[PDB]
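Asks: Give me a 3D structure for the following:
(2 chains, ligands or ions: 2)
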Number of protein chains: 2
Amino acid sequence: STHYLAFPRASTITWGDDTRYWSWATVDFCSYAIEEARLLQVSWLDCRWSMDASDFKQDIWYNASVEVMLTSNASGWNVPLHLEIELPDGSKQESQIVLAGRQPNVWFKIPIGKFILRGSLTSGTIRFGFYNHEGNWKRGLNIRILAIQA
Amino acid sequence: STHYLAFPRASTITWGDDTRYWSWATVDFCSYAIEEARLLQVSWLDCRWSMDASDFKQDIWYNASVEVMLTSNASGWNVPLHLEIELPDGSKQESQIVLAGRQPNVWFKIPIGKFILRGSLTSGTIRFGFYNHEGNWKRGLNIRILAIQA
Ligand SMILES: CC(=O)N[C@@H]1[C@@H](O)[C@H](O[C@@H]2O[C@H](CO)[C@H](O)[C@H](O)[C@H]2O)[C@@H](CO)O[C@@H]1O
Ligand SMILES: CC(=O)N[C@@H]1[C@@H](O)[C@H](O[C@@H]2O[C@H](CO)[C@H](O)[C@H](O)[C@H]2O)[C@@H](CO)O[C@@H]1O
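Replies: Numbers count the residues shown, from 1 in each chain, chains lettered A, B, ... in the order given. Ligands and ions are numbered 1, 2, ... in the order given. Please see the structure below:
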């Protein structure tokens, strides 16, 4: 079950405030006003949420997903989208996904990994994010939410 | 727009794990499995979410609401439900709401106040919660989510 939803306004997105690269769209999310971060085009793709370990309970496996949609004009997804969870002790969950060829205009949830807080791992920033920093142009990915489940 | 939703599994609820007082129901919320915290009866009513100031951005007014529903059998809402936001620097937003006579079986969002992080208010726990500790029995309040908006 879902403990937190973090919408993209809570994240730090490189170029996120520059309308050449990113747009923001207000939509309803089951009675809540949310803003989708809608990627027009960017080369330095980087979206990071930061939540403190103290936000979570100990000795419980949490899994995180990012819910996204490819637009009809999506391109540049032949390069891997890197998925990362970084814990405050240094450990990273690292994985990747190649989005090229996936059906556009359908919401899908990308799992970005799992963590557990044990012992005196009580506090410190946890980073949840996705990035691709290659010189190619990523286009047409809309971001709905980070979900953290246990 | 909504930056975070925090579902009651992320909160600390006094007696929350005791089925004499509190039940948990699995439901779908916008394609996310969530568990409603459904108050059968309790005297020490206390629900607290704790999120770090570092989860939020500076120099922005956030407002917080708790979304709840009264059941057909709801009672003991003649006593005030205390609403609180506590910031890590000591400041508290305190308010209260008397729920007696509100329409049952309809979701409503209780505003619990607003905060802004300024200067080097960079970090530390923010508490969002509601409580009534009086010797009377509170019954039939179902809790959906904490919402933090800016
Ligand atoms: C619109 C676009 O994506 N521009 C990118 C630049 O951002 C990128 O330059 C890097 O940008 C990062 C942002 O954190 C740092 O400023 C880094 O020092 C820069 O090299 C360049 C080169 O990768 O590609 C586009 O111009
Ligand atoms: C089911 C129920 O509401 N029981 C309550 C007790 O919780 C309560 O005792 C207080 O409980 C709080 C819990 O944080 C502290 O332990 C406090 O020290 C206790 O006094 C009593 C008294 O208010 O009322 C019910 O029985």
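Asks: Any idea how many residues pack against the residue in chain A positioned nearest to ligand 2?
Replies: Residue nearest to ligand 2 within chain A (Cβ to the nearest ligand atom): residue A:57, separated by 17.8 Å. Where you see a C-beta, it was placed from the backbone N, CA and C, and this is true even at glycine. Neighbour count for residue A:57, taken as other Cβ atoms under 10 Å in any protein chain shown: 13.
Asks: Give me the distance between residue A:45 and residue A:137.
Replies: In this view, residue A:45 and residue A:137 are 9 Å apart by Cβ to Cβ, to the nearest Å.
Asks: Spell out which parts of chain A neighbour ligand 2.
Replies: By Cβ under 6 Å from any ligand atom, no part of chain A sits against ligand 2.
Asks: Tell me which stretches of chain A form strands.
Replies: With strands called from DSSP state E, chain A shows them at A:2-6, A:12-13, A:22-29, A:32-39, A:45-52, A:62-75, A:81-86, A:92-97, A:108-115, A:125-132, A:139-149.
Asks: give the contact list for residue A:85.
Replies: By Cβ atoms under 8 Å, 6 or more residues apart in numbering or on different chains, the contact list for residue A:85 reads A:64, A:92, A:93, A:112, A:113, A:114, A:115, A:126, A:127, A:128.
Asks: picking up where we left off before, ok, residue A:45 and residue A:137, which is more surrounded?
Replies: residue A:45 (25 against 14).
Asks: Looking at the contacts of residue A:85, which one is closest to ligand 1?
Replies: residue A:127 (14.9 Å).
Asks: burial of the closest one, as a residue count?
Replies: For residue A:127, the number of neighbouring residues by other Cβ under 10 Å comes to 15.
Asks: and it, what does it touch?
Replies: Each residue near residue A:127 by Cβ under 8 Å, 6+ apart is listed here: A:48, A:49, A:50, A:84, A:85, A:86.
Asks: hmm, back to that, tell me the one of the contacts of residue A:85 nearest chain B?
Replies: Proximity to chain B was ranked across the contacts of residue A:85 by Cβ to the nearest Cβ; first place goes to residue A:126, at 10.0 Å.
Asks: OK, now which residue of chain A is nearest to chain B?
Replies: For chain A and chain B, the shortest gap (Cβ to the nearest Cβ) falls at residue A:52, measuring 3.3 Å.
Asks: Beta-bridge partners for that residue, please?
Replies: In this structure, residue A:52 bridges to residue A:125 when assessed by DSSP bridges.
Asks: repeat for residue A:46
Replies: Going by DSSP bridges, residue A:46 forms beta bridges with residue A:131.
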